[PDB]
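Next up, C-alpha cells for two forms of one chain, structure 1 and then structure 2.
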Structure 1
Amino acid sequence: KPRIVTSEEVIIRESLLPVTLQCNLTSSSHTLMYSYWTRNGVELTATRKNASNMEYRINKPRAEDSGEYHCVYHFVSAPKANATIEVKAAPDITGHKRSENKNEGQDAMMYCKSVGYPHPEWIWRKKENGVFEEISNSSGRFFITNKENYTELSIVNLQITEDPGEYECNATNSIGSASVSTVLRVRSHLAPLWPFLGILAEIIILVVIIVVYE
C-alpha cells in the first residue's frame, strides 16, 4: 500500500490569502503513470502531470470552494491511491424565493439551496408574534425533504387562516449557520367581487348625476 502524506485541513475564513494543499507520495514501489486532484468526485481541470508530489494553490479561497479534495495516484498495475484532504467553511444560502403567491386550495413550494461543507442540517421555522418558533406538522399538510445542499418545503391544500406567514431556513453546520426567509401569501377566491361592486357604485352615481341635472 503506497504511503501518502497530506497537508493539514484548512478552514476558509474571509482572509484573501491563497491556500495550498499538498500531497506527497512518500512510499511507492510501483511505476506511477499519473495523478489528479478531484473535489466531491469531480475531476479538476489541468491537474494531470507526472507529479510525484501534488500541489493545489487557490488564490482566492471562498466558501464555494471548500470540499473533500482527493489526490488520486494511478500506476501500471497498482490500485489508485486517493487519500483525503477536507476543507471546511461556514454555510451560505445562494438562492431562495423572495415570496410565494398562490390561490387558496393549491400547492405551495419553497426551497433554500446553499453551499458549503460539512453539509448543513436544515430546519424550518415560522414567524409567531416576533419569535421564530418551530413549525408544527399537526394537520399533516407540511412536507419537508432534506438533501445534501438542497431543501424543499411543500404545503398542500392551502388554508387562508393559518398558512400565511414568513418561513425561514436555518441551515446550520460545524463551522457556522446561515438563515434566510420567505413570505407566503394566500389569496381568497372572492377577490374580484369587491372592485366589481365599486364599479357598480361608480356607474350608478354617475348615471344619477347626469340624469338628474339634465
Structure 2
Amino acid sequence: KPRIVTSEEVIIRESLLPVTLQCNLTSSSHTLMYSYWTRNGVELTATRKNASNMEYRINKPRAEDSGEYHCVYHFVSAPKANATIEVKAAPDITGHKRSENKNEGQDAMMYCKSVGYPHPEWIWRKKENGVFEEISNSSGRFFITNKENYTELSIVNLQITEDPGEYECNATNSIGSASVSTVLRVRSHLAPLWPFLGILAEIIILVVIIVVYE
C-alpha cells in the first residue's frame, strides 16, 4: 500500500491569505501514471500532471471552497490511493426567497441554500412577537424536507389568520452559523371588491356634476 503524507486540516476564516494543500507520495514501488485533485467526488480542472508531489493553491479562500478534498493517485498496474484532506468553513447562505406572496388556500414554499462542510443542520423559526420561536406542526400542514444543502418548507391550505409572518432559516455547523428571513403574505379573497366599489363611487360623482350643470 502506497504511503501518502497529507497536510493538516485548514479552517477557512475571513483572512485573505492563500491556503495550500499538500500530499506527498513518500513510498510507492509502482510506476505512477498520473494524479489529480478531487472535491466532493468531482475532479478539479487542470490538476493532471506527473506530480509525484502535487500542490493545489486557493488564492481567495471562501466558504464555497471548503469541502472534502482528495488527492487521487492512479498507477499503471496498482489500485488508486485517494487519501483525504478536509477543509471546514462556517456555512454561508447563498440564495433564498425575499418574500412569498400567495392567496388563500394554496401551497407556499420557501427555500434556503448553504455551502461548506460539515453540512449544517437546519432549524426554521417563525418570528412570534419580537423573538424567533420554532414553528408548530399542530395542524398537520407544515412539511420540512431538508437535504444536504437544500432546505424547503411547504404550507398547505394557507389561512390569513395565522400563517402571515416572518420565517427564519438557520444553518449551524461546528464553526459558525448564519440565517436569513422571509416574509409570507396571504391575500384575502374579496380583495378585488374594494377598488370596484371605489371606481363606481366616482362614476356616480361624475354623472351628478355634469347632469346638474346640464
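In this text, rigid core is short for the largest set of C-alphas that superpose within 1.5 Å between two forms. Residue positions are counted from 1 along structure 1's sequence.
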item	value
Rigid core superposed: residue 199 CA moves 2 Å or more between the two structures	yes
Per-residue CA shift, residue 149 (Å; core superposed between the two structures)	1.1
Per-residue CA shift, residue 132 (Å; core superposed between the two structures)	0.4
After superposing on the core, C-alpha shift for residue 208 between the two structures in angstrom	3.7
